[PDB]
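There are 2 protein chains.
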Amino acid sequence: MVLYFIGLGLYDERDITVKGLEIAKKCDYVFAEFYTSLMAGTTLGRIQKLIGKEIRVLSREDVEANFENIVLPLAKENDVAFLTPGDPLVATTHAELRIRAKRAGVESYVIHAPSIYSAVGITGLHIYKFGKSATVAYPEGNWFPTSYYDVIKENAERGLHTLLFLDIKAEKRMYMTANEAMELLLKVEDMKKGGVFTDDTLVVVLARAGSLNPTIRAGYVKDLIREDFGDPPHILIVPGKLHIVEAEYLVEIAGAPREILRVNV
Amino acid sequence: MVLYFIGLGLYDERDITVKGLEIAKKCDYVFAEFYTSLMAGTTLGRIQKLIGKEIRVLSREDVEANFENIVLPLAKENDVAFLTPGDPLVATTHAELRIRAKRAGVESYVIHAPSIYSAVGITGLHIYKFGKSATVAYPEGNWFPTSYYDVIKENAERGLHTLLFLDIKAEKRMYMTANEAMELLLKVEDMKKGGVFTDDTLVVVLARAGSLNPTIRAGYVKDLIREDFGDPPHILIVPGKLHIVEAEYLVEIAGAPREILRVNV
Ligand SMILES: Nc1ncnc2c1ncn2[C@@H]1O[C@H](CSCC[C@H](N)C(=O)O)[C@@H](O)[C@H]1O
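So the protein lines, in turn, are chains A and B. Sequential numbering from 1 applies to the first sequence in the entry's author numbering. Sequential numbering from 1 applies to the second sequence in the entry's author numbering.
Now the structure itself:
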């Protein structure tokens, strides 16, 4: 009689909220997608075990093209759940799926879960200081995406931090590293020459947020562009103007160069 | 020897993650703070019952001034948990607490949970389009703060949405409603005449996010300013120009006027 959008969280199967688990356990059918993000600390098997149900994984086409044919039909006579990494409606187009549910006469509910969008708070950067977000997409063919560069520029001149989601090709199992994101940005800088992202730009890297020991590193591009941040997923952040307390955290916790403590008022 | 910062999530005792619950249970001492925010859908009693431990509530002073005297000592020879509503370290001042742990020779780990910052994705507004965030504070005495008005102007100017946290008197249990927030903004507008917030401004109200039955409403100030959005907590959002898909969600899910499809897109 209902459809639930349930987030699974950041890293492993235990990142689902208690609410999400108790509800998922009682559903008649459970579907899921794992192409919008990467949960590096678990497996489908462990999720199924925890929920105690067989999970039917859908592909991007199954969802985008046939959600109303594959999932909604069952939701009319049963309690159905749709699982996703992180929070189901963050940096996805899943929100529109609720419209499909309504038109199909199916009531839907949303159960949130930890999202990278807020987990960035672990970098020590004030969340309210984050501006517009963007995604660094893999160039393909003669098409080289550059919009994310402009976002950084706009945020930076307002003194705001920029959160950069990194590209993912789930089927090909390719997860863009912070290193690759930095390389691509230097190329865009060369092309546009706006003085937005260079070897001296301070950046922050967060890898495998949600794990007990995520990698949190801060430093200049010249020094981090070749550093090993561990397995994906990775997120990249270009800080804006720092508050002393932010810099203080980047130094003490993320091992940033102590010179950043000296902020130019 | 370890300190765990554990998020309690959005609304009730089941909004904590499975990871957070299990870890909290294994801790010897469990502390909590309910001054940055509150858990309107539950009680300390219900939370204690779920955790199965006695929970010592700490005040802002307890934390800001004496965190290293109250919590850290026990963390030296025991596993200690520090519970906070939402996602740990989202509240501006929490991050610094990790530096205190480091200095005390105590290891700390962060267990995330859903935050309103990401939960707003339920409004159907694209998360990447959210700009700087701000807090609407009750004026008092001869003090009339209005920085939040400027945040809206700067964001909207660049086509970005503004997430507005509403003032809360935690200790006094007083929550600012979206209605009061709208009245304050109209008052500031009349004050600054910047044409940023008026009767014709489109706004979105999200009440009791995390609940299975949150109130999601979108419409013009003139029609929503005296509407009843239910019990707290309330969050106010002033969106920027809308993507057609965002508008359609607001109309289909948030009951917004068809007019937004031509006026705010
Ligand atoms: N645990 C994690 N650590 C670092 N980056 C992460 C992450 N989870 C997601 N991301 C980042 O976000 C991208 C997916 S975007 C979809 C995000 C998801 N709805 C959420 O709420 O988190 C990834 O390619 C990666 O760059």
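Every residue gets a Cβ at the ideal spot worked out from N, C-alpha and C, and that includes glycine.
By the neighbour-count criterion, in which a residue is buried when 16 or more other Cβ atoms sit within 10 angstroms of its Cβ, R208 of chain A is buried.
Look at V265 of chain B here: in three-state DSSP terms it is coil, with no helix or strand label.
Of all residues, those with a beta-carbon under 5 angstroms from at least one heavy atom of ligand 1 are A:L10, A:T36, A:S37, A:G86, A:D87, A:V90, A:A91, A:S115, A:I116, A:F165, A:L166, A:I168, A:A209, A:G210, A:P233, A:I235, reported in chain order. By the Cβ rule, the segment 63 to 79 of chain A does not count as touching the segment 120 to 137 of chain A, because fewer than three pairs are nearer than 8 angstroms. Interface residue (Cβ-Cβ distance to chain B less than 8 angstroms): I168 of chain A is not classified as such. Judged by DSSP in its simplified three-state form, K169 of chain B adopts strand.
As DSSP reads the structure, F34 of chain B sits in no beta bridge.
Neighbours of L10 of chain B in chain A, taken as residues at a C-beta separation under 7 angstroms, are given in chain order as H112.
In the three-state DSSP reduction, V238 of chain A falls in the strand class (E or B). Within chain B, the residues whose beta carbon sits less than 7 angstroms from that of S133 of chain A are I127, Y128, listed in sequence order.
Under the Cβ distance rule, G230 of chain A does not count among the residues neighbouring chain B, no pair being separated by less than 8 angstroms.
Looking at the backbone, the Cα of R100 of chain A and that of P257 of chain B are separated by about 19 angstroms. Measuring C-alpha to C-alpha distances from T84 of chain B to each of B:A65, B:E107, B:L21, B:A104 identifies B:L21 as the nearest. Straight across, the Cα-Cα distance linking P88 of chain A with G41 of chain B is about 22 angstroms. The DSSP-derived three-state label of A113 of chain A is coil. Comparing alpha-carbon positions, the option among B:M39, B:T36, B:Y4 lying closest to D28 of chain B turns out to be B:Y4. The Cβ of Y109 of chain A sits closer than 8 angstroms to at least one Cβ of chain B. Around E107 of chain A, the same chain offers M1, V2, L3, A101 as residues with beta carbons nearer than 8 angstroms, after the five sequence neighbours per side are excluded. Ranking A:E61, A:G255, A:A75 by CA distance to the CA of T93 of chain A puts A:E61 first.
Three or more Cβ pairs closer than 8 angstroms define a contact, and the segment 177 to 188 of chain B falls short of that threshold against the segment 31 to 46 of chain B. Secondary structure remark: continuous beta strand (DSSP E) runs of at least 3 residues inside the segment 68 to 155 of chain A, in chain order: 79 to 84, 107 to 111, 134 to 136. In the three-state DSSP reduction, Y249 of chain A falls in the helix class (H, G or I). In the DSSP assignment, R56 of chain B falls within the unbroken beta strand (DSSP E) covering 55 to 58.
Nearest to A134 of chain A by alpha-carbon distance, out of A:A24, A:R56, A:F144, A:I235, is A:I235.
Taking a C-beta distance under 8 angstroms as the contact criterion, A81 of chain A and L10 of chain A do not qualify as a contact pair.
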